[PDB]
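Visitor: My questions will all concern the structure given below.
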Amino acid sequence: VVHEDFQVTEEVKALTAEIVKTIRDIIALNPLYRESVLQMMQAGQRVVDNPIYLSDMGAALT
Amino acid sequence: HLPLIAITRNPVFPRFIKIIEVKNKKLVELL
């Protein structure tokens, strides 16, 4: 399980904002599931230990 | 003379309304 990443985790997390905004747009314009889960796991809460899992979950909705 | 609240990653900007939801229940005793 390879998880290589760059030391400067300053601007790499910026794309996460765009990804979550895209997910929000999809769910709002294309409601497939309940929106409570998105509220449960909020990026600002910092409880996202593995961003890869969150990205997979977001893509899993695709 | 009160204990410190658990922010739990809930920034509160000046003159801005915010919602804080801490998973803990002990704070309910303080409330």
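Residues are referred to by chain and number: the chain letter is A, B, ... according to the order shown in the structure tokens, the number counts from 1 in that chain, and ligands are numbered separately from 1 in the order shown.
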Got a sec to tell me which of chain A DSSP assigns to helix (DSSP H, G or I), as a VMD selection string?
Guide: chain A and resid 14 to 29 36 to 40 43 to 45 51 to 60
Visitor: For the interface of chain A with chain B (cut-off 8 Å, counting only C-alpha atoms), please tabulate each contacting residue of chain A alongside its nearest pair of atoms and their separation in Å to one decimal, rows sorted by chain and increasing number, as CSV.
Guide:
```
residue,atom,partner,partner_atom,distance
A:44,CA,B:9,CA,6.5
A:45,CA,B:9,CA,5.1
A:46,CA,B:9,CA,6.8
```
Visitor: Residues at most 10 Å from region 1-18 of chain A, counting only C-alpha atoms, excluding those fewer than 6 positions away in the same chain, as a ChimeraX atom specification?
Guide: /A:24,43,50-52,54-55
Visitor: Would you save the residues of that selection, restricted to C-alpha atoms, as a short mmCIF file (atom, residue, chain, number, x, y, z; two decimals), in the first residue's frame?
Guide:
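Printed below is result_33.cif as written:
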```
data_model
loop_
_atom_site.label_atom_id
_atom_site.label_comp_id
_atom_site.auth_asym_id
_atom_site.auth_seq_id
_atom_site.Cartn_x
_atom_site.Cartn_y
_atom_site.Cartn_z
CA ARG A 24 -21.78 18.95 -2.85
CA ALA A 43 -12.90 18.45 6.48
CA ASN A 50 -6.55 9.29 5.54
CA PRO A 51 -7.61 11.64 2.72
CA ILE A 52 -7.32 8.73 0.28
CA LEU A 54 -12.37 10.22 1.72
CA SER A 55 -11.47 10.58 -1.96
#
```
Visitor: Tell me, as a list in words, which residues lie within 10 Å of residue 30 (chain B), counting only C-alpha atoms; anything in the same chain fewer than 6 positions away does not count.
Guide: residues 2, 3 and 5 of chain B
Visitor: Figure out the distance between CA of residue 21 (chain A) and CA of residue 59 (chain A), please, to one decimal in Å.
Guide: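 About the pair CA of residue 59 (chain A) and CA of residue 21 (chain A): they are 13.0 Å apart.
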